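Participant: Hey, dropping query_23.cif in here, mmCIF, C-alpha atoms and all ligand atoms:
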data_model
loop_
_atom_site.label_atom_id
_atom_site.label_comp_id
_atom_site.auth_asym_id
_atom_site.auth_seq_id
_atom_site.Cartn_x
_atom_site.Cartn_y
_atom_site.Cartn_z
CA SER A 10 83.15 105.02 92.93
CA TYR A 11 84.74 105.38 89.48
CA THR A 12 84.66 103.55 86.16
CA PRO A 13 86.35 100.10 86.18
CA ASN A 14 88.84 100.37 83.30
CA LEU A 15 91.66 97.96 82.42
CA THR A 16 94.17 99.46 84.86
CA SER A 17 91.78 99.36 87.83
CA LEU A 18 90.91 95.72 87.16
CA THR A 19 94.51 94.47 86.89
CA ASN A 20 95.53 96.29 90.09
CA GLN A 21 96.08 94.25 93.24
CA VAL A 22 96.02 97.38 95.42
CA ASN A 23 92.37 97.87 94.41
CA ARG A 24 91.45 94.42 95.73
CA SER A 25 93.58 95.09 98.82
CA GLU A 26 91.69 98.33 99.51
CA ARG A 27 88.33 96.65 98.92
CA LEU A 28 89.34 93.93 101.39
CA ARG A 29 90.61 96.41 104.00
CA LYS A 30 87.60 98.74 103.88
CA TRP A 31 84.73 96.25 103.69
CA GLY A 32 86.10 92.92 104.92
CA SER A 33 85.18 89.73 103.09
CA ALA A 34 82.26 91.38 101.26
CA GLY A 35 84.38 93.73 99.13
CA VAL A 36 81.32 95.75 98.06
CA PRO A 37 80.43 98.90 100.03
CA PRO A 38 77.03 98.86 101.72
CA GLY A 39 75.03 101.78 100.43
CA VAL A 40 73.21 104.57 102.22
CA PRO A 41 69.67 103.19 102.59
CA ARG A 42 66.34 104.92 103.01
CA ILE A 43 65.27 105.64 106.59
CA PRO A 44 62.33 103.30 107.39
CA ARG A 45 58.98 104.39 108.80
CA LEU A 46 60.18 103.29 112.22
CA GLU A 47 62.79 105.45 114.04
CA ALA A 48 61.60 108.53 112.11
CA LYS A 49 60.69 111.72 113.95
CA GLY A 50 58.15 114.41 113.17
CA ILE A 51 58.51 117.88 111.71
CA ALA A 52 59.50 120.45 114.33
CA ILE A 53 58.72 124.17 114.25
CA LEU A 54 62.14 125.63 114.96
CA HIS A 55 61.44 129.37 114.88
CA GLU A 56 58.34 131.56 115.05
CA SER A 57 58.52 135.25 114.18
CA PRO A 58 56.11 138.01 113.11
CA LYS A 59 57.57 137.74 109.59
CA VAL A 60 58.48 134.09 108.90
CA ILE A 61 58.30 130.63 110.48
CA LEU A 62 61.19 128.16 110.21
CA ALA A 63 60.04 124.53 110.39
CA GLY A 64 62.65 121.79 110.23
CA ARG A 65 63.45 118.13 110.71
CA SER A 66 66.85 116.82 111.82
CA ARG A 67 68.51 113.60 110.58
CA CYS A 68 66.08 113.00 107.73
CA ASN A 69 68.66 110.94 105.80
CA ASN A 70 71.26 108.36 106.68
CA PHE A 71 73.64 111.01 105.36
CA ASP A 72 72.50 112.82 108.57
CA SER A 73 71.22 115.87 106.72
CA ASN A 74 68.46 118.24 107.80
CA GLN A 75 65.37 119.55 106.02
CA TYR A 76 64.15 123.12 106.50
CA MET A 77 61.18 125.14 105.25
CA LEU A 78 60.59 128.89 105.53
CA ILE A 79 56.95 129.98 105.76
CA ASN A 80 55.82 133.52 104.98
CA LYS A 81 53.11 134.43 107.49
CA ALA A 82 51.45 136.97 105.18
CA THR A 83 51.49 135.47 101.68
CA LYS A 84 51.09 131.82 102.88
CA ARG A 85 54.05 130.79 100.71
CA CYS A 86 56.58 128.18 101.82
CA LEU A 87 60.12 127.50 100.64
CA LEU A 88 62.08 124.28 101.10
CA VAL A 89 65.87 124.55 101.33
CA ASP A 90 68.06 121.51 100.48
CA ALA A 91 65.17 119.20 99.66
CA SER A 92 66.42 115.81 100.85
CA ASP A 93 64.06 113.88 103.11
CA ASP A 94 63.54 110.12 103.01
CA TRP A 95 59.81 110.71 103.69
CA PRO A 96 58.40 113.72 101.82
CA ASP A 97 54.87 112.68 102.80
CA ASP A 98 54.93 114.35 106.20
CA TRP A 99 55.92 117.61 104.49
CA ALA A 100 53.14 117.50 101.88
CA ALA A 101 50.59 116.73 104.60
CA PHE A 102 52.04 119.58 106.68
CA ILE A 103 51.72 121.98 103.73
CA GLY A 104 48.18 120.82 102.98
CA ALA A 105 47.07 121.05 106.61
CA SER A 106 48.72 124.48 106.95
CA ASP A 107 46.95 125.79 103.78
CA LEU A 108 50.34 126.71 102.32
CA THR A 109 51.56 127.02 98.74
CA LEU A 110 54.94 125.61 97.75
CA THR A 111 56.37 127.86 95.04
CA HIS A 112 60.14 127.29 95.04
CA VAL A 113 62.78 124.89 96.35
CA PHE A 114 66.18 126.37 97.18
CA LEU A 115 69.25 124.21 96.58
CA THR A 116 72.60 125.09 98.13
CA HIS A 117 74.55 122.53 96.09
CA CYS A 118 73.68 119.41 94.11
CA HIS A 119 75.43 116.68 96.11
CA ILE A 120 73.49 113.47 96.73
CA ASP A 121 72.77 114.40 100.35
CA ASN A 122 70.74 117.37 99.01
CA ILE A 123 68.90 116.27 95.85
CA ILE A 124 68.22 112.57 96.48
CA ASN A 125 64.43 112.90 96.95
CA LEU A 126 63.92 116.02 94.81
CA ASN A 127 61.70 114.41 92.18
CA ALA A 128 59.67 112.85 95.00
CA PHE A 129 59.22 116.31 96.59
CA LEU A 130 58.15 117.90 93.31
CA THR A 131 55.84 115.03 92.32
CA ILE A 132 54.04 114.70 95.66
CA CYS A 133 53.69 118.46 96.20
CA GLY A 134 52.45 118.99 92.63
CA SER A 135 49.99 116.12 93.09
CA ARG A 136 48.67 117.83 96.22
CA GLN A 137 48.57 121.15 94.34
CA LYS A 138 46.40 119.42 91.72
CA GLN A 139 43.64 119.05 94.32
CA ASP A 158 51.68 126.97 88.66
CA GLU A 159 54.26 124.33 89.59
CA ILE A 160 57.07 124.24 92.12
CA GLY A 161 60.23 125.93 90.89
CA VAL A 162 63.86 125.10 91.59
CA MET A 163 66.51 127.68 92.55
CA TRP A 164 70.07 126.48 91.98
CA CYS A 165 73.53 127.50 90.69
CA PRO A 166 74.61 126.28 87.22
CA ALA A 167 78.11 125.21 88.38
CA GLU A 168 76.31 122.35 90.17
CA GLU A 169 75.52 121.16 86.62
CA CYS A 170 78.79 119.23 86.94
CA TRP A 171 77.34 117.55 90.04
CA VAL A 172 73.96 117.01 88.37
CA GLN A 173 75.40 114.70 85.69
CA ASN A 174 77.05 112.55 88.37
CA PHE A 175 73.78 112.13 90.27
CA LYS A 176 73.42 108.65 88.75
CA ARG A 177 77.00 107.61 89.60
CA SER A 178 76.52 108.82 93.18
CA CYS A 179 73.29 106.82 93.19
CA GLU A 180 75.40 103.87 92.02
CA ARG A 181 77.90 103.94 94.87
CA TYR A 182 75.48 104.68 97.72
CA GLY A 183 72.95 102.02 96.74
CA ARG A 184 70.14 104.40 95.74
CA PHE A 185 68.92 102.29 92.84
CA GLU A 186 65.31 103.48 92.65
CA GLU A 187 66.43 107.10 92.24
CA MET A 188 68.87 106.21 89.43
CA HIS A 189 66.60 106.24 86.36
CA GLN A 190 65.07 109.64 87.05
CA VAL A 191 65.56 112.75 84.92
CA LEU A 192 66.40 115.57 87.31
CA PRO A 193 64.13 118.65 87.09
CA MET A 194 67.20 120.89 86.84
CA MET A 195 68.06 119.09 83.58
CA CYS A 196 64.69 119.78 81.93
CA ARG A 197 64.23 122.72 79.58
CA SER A 198 63.81 125.99 81.47
CA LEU A 199 63.39 129.50 80.06
CA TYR A 200 67.19 129.81 79.86
CA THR A 201 67.34 126.94 77.32
CA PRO A 202 66.22 126.41 73.72
CA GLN A 203 62.75 124.98 73.30
CA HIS A 204 61.66 121.66 71.84
CA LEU A 205 60.37 121.66 68.26
CA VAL A 206 57.55 119.17 68.68
CA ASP A 207 55.57 117.74 65.75
CA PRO A 208 52.54 119.98 65.02
CA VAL A 209 49.91 117.37 65.91
CA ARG A 216 52.68 117.88 76.72
CA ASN A 217 54.03 120.73 78.85
CA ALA A 218 54.36 118.74 82.09
CA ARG A 219 58.01 117.99 81.29
CA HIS A 220 58.80 119.86 78.06
CA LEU A 221 59.12 123.32 79.62
CA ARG A 222 59.44 124.46 83.24
CA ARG A 223 58.85 128.22 83.26
CA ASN A 224 59.30 128.43 87.05
CA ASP A 225 63.09 127.98 87.24
CA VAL A 226 65.72 130.51 88.28
CA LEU A 227 69.49 130.23 87.90
CA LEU A 228 71.49 131.99 90.60
CA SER A 229 74.54 134.01 89.61
CA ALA A 230 77.93 133.77 91.30
CA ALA A 231 78.16 137.58 91.43
CA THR A 232 76.34 137.86 94.75
CA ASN A 233 76.12 141.28 96.39
CA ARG A 234 74.22 142.83 99.27
CA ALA A 235 72.27 145.11 96.91
CA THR A 236 70.26 143.02 94.44
CA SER A 237 71.22 139.36 95.04
CA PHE A 238 68.05 138.44 96.91
CA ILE A 239 64.70 136.69 96.53
CA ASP A 240 61.55 138.67 97.34
CA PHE A 241 59.93 136.17 99.70
CA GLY A 242 57.06 138.57 100.39
CA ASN A 243 56.03 140.95 103.22
CA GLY A 244 59.35 142.77 102.89
CA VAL A 245 61.36 139.64 103.74
CA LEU A 246 64.48 139.34 101.57
CA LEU A 247 66.66 136.23 101.31
CA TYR A 248 70.21 137.08 100.20
CA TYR A 249 71.96 134.16 98.51
CA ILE A 250 75.75 134.14 98.92
CA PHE A 251 78.13 132.38 96.52
CA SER A 252 80.59 130.44 98.69
CA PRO A 253 82.51 127.60 96.99
CA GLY A 254 85.02 125.14 98.44
CA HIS A 255 82.65 122.28 99.18
CA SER A 256 81.12 122.63 95.70
CA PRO A 257 81.81 124.73 92.58
CA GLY A 258 78.50 126.50 93.13
CA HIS A 259 77.43 126.73 96.77
CA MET A 260 74.77 129.24 97.80
CA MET A 261 74.08 130.15 101.41
CA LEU A 262 70.87 131.89 102.45
CA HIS A 263 71.11 134.95 104.68
CA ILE A 264 68.13 136.61 106.34
CA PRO A 265 69.43 139.72 108.15
CA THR A 266 66.04 140.69 109.58
CA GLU A 267 65.73 137.29 111.27
CA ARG A 268 69.49 136.76 111.88
CA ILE A 269 69.37 133.38 110.12
CA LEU A 270 72.19 131.98 107.97
CA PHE A 271 71.37 128.76 106.10
CA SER A 272 74.99 127.76 105.53
CA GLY A 273 74.38 124.39 103.89
CA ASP A 274 77.71 122.57 103.91
CA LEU A 275 80.11 125.49 104.43
CA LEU A 276 79.98 125.69 108.23
CA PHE A 277 78.78 123.32 110.94
CA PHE A 278 79.00 122.93 114.72
CA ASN A 279 82.76 122.97 115.49
CA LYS A 280 83.63 121.82 111.94
CA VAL A 281 83.50 122.82 108.28
CA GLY A 282 82.76 121.00 105.03
CA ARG A 283 84.79 118.37 103.24
CA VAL A 284 87.32 119.10 100.52
CA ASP A 285 88.29 115.47 99.73
CA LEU A 286 85.49 115.17 97.14
CA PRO A 287 85.82 116.19 93.45
CA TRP A 288 85.53 119.84 92.39
CA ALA A 289 86.41 120.91 95.94
CA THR A 290 89.29 123.29 96.63
CA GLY A 291 90.64 124.20 100.05
CA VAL A 292 91.54 127.77 99.18
CA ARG A 293 88.01 128.36 97.84
CA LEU A 294 86.69 127.09 101.18
CA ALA A 295 89.08 129.45 102.97
CA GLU A 296 87.86 132.43 100.92
CA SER A 297 84.28 131.32 101.61
CA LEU A 298 84.98 131.33 105.34
CA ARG A 299 86.69 134.72 105.00
CA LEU A 300 83.65 136.30 103.29
CA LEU A 301 81.58 135.61 106.44
CA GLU A 302 83.25 137.98 108.93
CA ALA A 303 80.90 140.95 108.41
CA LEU A 304 77.84 139.30 109.96
CA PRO A 305 76.97 139.81 113.65
CA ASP A 306 77.62 137.18 116.30
CA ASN A 307 73.93 136.69 117.12
CA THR A 308 73.26 135.33 113.62
CA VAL A 309 72.03 131.76 114.13
CA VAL A 310 73.87 129.65 111.59
CA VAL A 311 71.79 126.73 110.35
CA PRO A 312 73.83 123.95 108.74
CA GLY A 313 72.78 121.23 106.35
CA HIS A 314 74.01 118.59 108.80
CA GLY A 315 73.94 118.32 112.57
CA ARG A 316 73.06 120.85 115.26
CA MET A 317 72.72 124.58 114.71
CA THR A 318 75.08 127.16 116.21
CA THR A 319 75.83 130.87 116.11
CA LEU A 320 78.49 132.68 114.12
CA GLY A 321 80.06 134.12 117.27
CA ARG A 322 80.49 130.65 118.75
CA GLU A 323 82.15 129.60 115.49
CA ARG A 324 84.41 132.64 115.68
CA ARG A 325 85.39 131.69 119.24
CA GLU A 326 85.43 127.88 119.37
CA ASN A 327 86.00 126.47 115.85
CA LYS A 328 89.53 125.27 115.12
CA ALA A 329 89.19 125.41 111.32
CA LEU A 330 88.55 129.16 111.39
CA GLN A 331 91.39 129.55 113.91
CA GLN A 332 93.75 127.71 111.56
CA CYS A 333 92.51 129.76 108.58
CA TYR A 334 93.08 133.12 110.25
CA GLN A 335 96.36 131.95 111.81
CA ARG A 336 97.69 130.90 108.39
CA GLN A 337 96.49 134.24 107.04
CA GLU A 338 98.33 136.12 109.81
CA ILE A 339 101.63 134.22 109.54
CA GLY A 340 101.79 135.00 105.83
CA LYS A 341 100.36 132.12 103.77
CA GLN A 342 99.33 133.46 100.37
CA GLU A 343 97.28 130.36 99.51
CA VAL A 344 95.55 129.42 102.76
CA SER A 345 93.95 126.00 102.28
CA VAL A 346 91.55 124.74 104.95
CA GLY A 347 89.07 121.90 104.83
CA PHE A 348 87.95 118.63 106.35
CA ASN A 349 88.74 115.18 104.99
CA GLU A 350 86.37 113.23 107.26
CA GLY A 351 82.87 114.52 107.90
CA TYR A 352 79.60 115.28 106.12
CA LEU A 353 79.13 115.00 102.37
CA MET B 1 123.24 71.79 36.24
CA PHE B 2 120.02 73.29 34.89
CA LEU B 3 118.23 71.64 31.97
CA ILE B 4 114.80 73.26 31.54
CA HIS B 5 113.16 76.64 32.07
CA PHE B 6 109.72 76.05 33.56
CA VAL B 7 106.97 78.31 34.87
CA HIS B 8 104.08 77.36 37.13
CA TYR B 9 100.67 77.09 35.49
CA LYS B 10 98.73 78.25 38.55
CA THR B 11 98.33 82.03 38.36
CA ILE B 12 97.96 83.87 41.68
CA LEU B 13 96.25 87.25 42.06
CA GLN B 14 97.47 89.60 44.79
CA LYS B 15 94.56 90.58 47.04
CA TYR B 16 94.47 94.38 47.19
CA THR B 17 93.64 95.41 50.75
CA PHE B 18 93.21 98.99 51.95
CA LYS B 19 91.64 100.69 54.95
CA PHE B 20 89.36 103.61 54.12
CA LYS B 21 86.98 105.59 56.32
CA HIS B 22 83.74 104.71 54.57
CA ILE B 23 81.25 104.95 57.47
CA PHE B 24 80.55 108.18 59.37
CA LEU B 25 78.68 107.39 62.59
CA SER B 26 78.89 109.14 65.95
CA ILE B 27 77.07 108.71 69.27
CA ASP B 28 75.89 112.26 70.06
CA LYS B 29 74.15 111.77 73.41
CA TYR B 30 75.21 114.08 76.24
CA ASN B 31 73.87 115.28 79.59
CA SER B 32 74.48 119.03 79.73
CA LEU B 33 72.88 122.45 80.04
CA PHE B 34 72.37 124.18 76.70
CA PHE B 35 71.54 127.88 76.74
CA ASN B 36 69.91 130.56 74.64
CA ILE B 37 72.69 133.15 74.69
CA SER B 38 72.57 136.77 73.57
CA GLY B 39 76.10 137.40 74.83
CA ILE B 40 79.00 135.38 76.20
CA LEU B 41 82.20 136.77 77.72
CA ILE B 42 84.90 134.23 78.58
CA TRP B 43 87.60 135.77 80.78
CA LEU B 44 90.52 133.57 81.67
CA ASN B 45 93.84 135.23 82.50
CA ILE B 46 95.37 134.46 79.08
CA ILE B 47 92.51 134.86 76.57
CA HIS B 48 89.37 137.02 76.71
CA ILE B 49 86.51 136.36 74.29
CA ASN B 50 83.59 138.79 73.91
CA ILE B 51 80.67 137.65 71.72
CA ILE B 52 77.71 140.03 71.66
CA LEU B 53 74.29 139.88 69.99
CA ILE B 54 72.39 143.10 70.53
CA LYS B 55 69.12 143.58 72.40
CA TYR B 56 67.25 146.27 74.28
CA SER B 57 67.61 144.65 77.71
CA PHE B 58 69.94 141.91 78.93
CA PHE B 59 70.38 139.75 82.00
CA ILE B 60 73.60 138.46 83.59
CA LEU B 61 74.62 135.02 84.77
CA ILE B 62 78.17 134.59 86.08
CA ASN B 63 80.08 131.29 86.53
CA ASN B 64 83.40 131.20 88.50
CA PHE B 65 83.54 127.35 88.74
CA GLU B 66 86.60 126.94 86.42
CA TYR B 67 87.27 130.39 84.84
CA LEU B 68 85.25 133.65 84.84
CA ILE B 69 82.28 133.08 82.45
CA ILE B 70 79.78 135.96 81.91
CA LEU B 71 76.50 135.14 80.07
CA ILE B 72 74.19 137.99 78.90
CA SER B 73 70.42 137.17 78.86
CA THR B 74 71.28 133.55 79.93
ZN ZN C 1 77.84 118.70 100.10
ZN ZN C 2 75.75 118.25 103.02
#
Mind converting the file's structure to structure tokens?
Ligand SMILES: [Zn+2]
Ligand SMILES: [Zn+2]

Facilitator:
Amino acid sequence: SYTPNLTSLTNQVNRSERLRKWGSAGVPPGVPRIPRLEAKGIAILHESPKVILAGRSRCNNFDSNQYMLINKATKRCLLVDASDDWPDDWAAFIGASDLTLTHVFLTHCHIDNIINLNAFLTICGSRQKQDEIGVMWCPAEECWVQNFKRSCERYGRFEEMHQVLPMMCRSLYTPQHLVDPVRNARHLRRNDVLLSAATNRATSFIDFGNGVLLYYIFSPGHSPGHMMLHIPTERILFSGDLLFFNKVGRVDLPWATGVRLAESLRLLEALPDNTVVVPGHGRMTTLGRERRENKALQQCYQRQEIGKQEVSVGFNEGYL
Amino acid sequence: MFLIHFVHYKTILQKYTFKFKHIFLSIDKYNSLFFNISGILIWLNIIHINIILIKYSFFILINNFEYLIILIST
């Protein structure tokens, strides 16, 4: 959780809470790795003349999902929110599909999204050995990168603790190392892009190839930097943690504001209803069904209509 | 009454104690992003700071996490 200082140790309410939550143990059980039993295979969710969406549901005990976009022309694949307890099915799928992994998109840097990121990059680069995989992320998530170890402390992920994150290594946006004159696997990662919060419909896109454009949208509230993917030609909205089936993201975590989440839900009203929204957790829905049957959006627009200047919406129990 | 004037033969020396800052050590070990910057524009509603180093072409990164932060050429 947090650092045990003098005030937290001399508090009886802390021991009372640790007795009430966890019984006689007092220590929270972590979020473990999914074993090789009760693990499902990779499903091909969508097939189109342009792209192919292949995904796997409940790949963590955080109950997150793992998706990959495949360009049919250029044979280039793109993982979004790379968090799978077994990134060996995905590397075998890429190698048996004759695909090239060039980038990994990250919506936000919570632990349910970047827990197995070094495993993804290492196994896919090792298969590429028989240009490295880049990472696309927003720099505000820097504040959630530094607490990757602490989040690995509380959720019992001890083997992923002592791992330098690839977003922390020196990119082209950073100063370079002045090495002794007498190496480049970790010293410089030239394939790295930093997304900007000024997202527009004109130039805020990634050229995926074959005329397919992936517009990233800056939508905070669950994170200081939270980037959705929008494919208007395929009507596909990778929302990440902003919007789910009949629910929205949490605000009861640090660096999460309810009015930022309300503005992020309000910047979504110009998309058509047949846009399939694809969340980071749970089952996928459409944006029209979320306009009709989601109570968080109903409360947001009702507070906006009755005259609330600072409309604050958000969940306190749900997905991280 | 008092008969003699006597002094004590044992001479004591007052120990001079003083606290000075003689050592200068600091643990400089952080986990943060450090950037090559050709321009930085910090816009919060009270104070605006514009720091510009010139170039032929620039890029733009924008951070709205705490306050508006515009970075030219990362
Ligand atoms: Zn999250
Ligand atoms: Zn999530």

Participant: Let me see if you get this right: every residue at most 9 Å from ligand ZN 1 (chain C), counting all atoms listed in the file, written as JSON, numbers by chain.

Facilitator: {"A": [116, 117, 118, 119, 120, 121, 122, 255, 256, 259, 273, 274, 275, 282, 283, 286, 313, 352, 353]}

Participant: Please save C-alpha atoms of the selected residues as a PDB file, in the frame of the given file.

Facilitator:
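The new file part.pdb reads:
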ATOM      1  CA  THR A 116      72.600 125.090  98.130  1.00  0.00           C
ATOM      2  CA  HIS A 117      74.550 122.530  96.090  1.00  0.00           C
ATOM      3  CA  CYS A 118      73.680 119.410  94.110  1.00  0.00           C
ATOM      4  CA  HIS A 119      75.430 116.680  96.110  1.00  0.00           C
ATOM      5  CA  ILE A 120      73.490 113.470  96.730  1.00  0.00           C
ATOM      6  CA  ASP A 121      72.770 114.400 100.350  1.00  0.00           C
ATOM      7  CA  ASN A 122      70.740 117.370  99.010  1.00  0.00           C
ATOM      8  CA  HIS A 255      82.650 122.280  99.180  1.00  0.00           C
ATOM      9  CA  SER A 256      81.120 122.630  95.700  1.00  0.00           C
ATOM     10  CA  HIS A 259      77.430 126.730  96.770  1.00  0.00           C
ATOM     11  CA  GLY A 273      74.380 124.390 103.890  1.00  0.00           C
ATOM     12  CA  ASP A 274      77.710 122.570 103.910  1.00  0.00           C
ATOM     13  CA  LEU A 275      80.110 125.490 104.430  1.00  0.00           C
ATOM     14  CA  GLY A 282      82.760 121.000 105.030  1.00  0.00           C
ATOM     15  CA  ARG A 283      84.790 118.370 103.240  1.00  0.00           C
ATOM     16  CA  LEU A 286      85.490 115.170  97.140  1.00  0.00           C
ATOM     17  CA  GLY A 313      72.780 121.230 106.350  1.00  0.00           C
ATOM     18  CA  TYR A 352      79.600 115.280 106.120  1.00  0.00           C
ATOM     19  CA  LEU A 353      79.130 115.000 102.370  1.00  0.00           C
TER      20      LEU A 353
END

Participant: Please, which residues of chain B lie no more than 8 Å from chain A when the count uses only C-alpha atoms, and can they be set out as a list in words?

Facilitator: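 Here is what falls inside 8 Å: residues 31, 32, 33, 34, 35, 36, 60, 61, 62, 63, 64, 65 and 74 of chain B.
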
Participant: Grab the atom CA of residue A:337 to atom CA of residue A:306 distance for me, in Å with one decimal place.

Facilitator: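 Rounded to one decimal, the two atoms are 21.2 Å apart.
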
Participant: Report as number ranges by chain all protein, DNA and RNA residues lying within 9 Å of residue A:311, evaluated on all atoms listed in the file, omitting residues in the same chain fewer than 3 positions from it.

Facilitator: A: 269-273, 276-277, 314-319

Participant: Provide the atom CA of residue A:235 to atom CA of residue A:264 distance in Å, to one decimal place.

Facilitator: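 Distance between the two atoms: 13.4 Å.
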
Participant: Have a look at atom CA of residue A:254 and atom CA of residue A:297 and let me know their distance in Å, one decimal.

Facilitator: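 Value for the atom CA of residue A:254-atom CA of residue A:297 distance: 7.0 Å.
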
Participant: With all atoms of stretch 307-310 of chain A from the file as input, state the centre and edge lengths in Å to one decimal of the axis-aligned box that has 3 Å extra on each side, as JSON.

Facilitator:
{"center_x": 73.0, "center_y": 133.2, "center_z": 114.4, "size_x": 7.9, "size_y": 13.0, "size_z": 11.5}
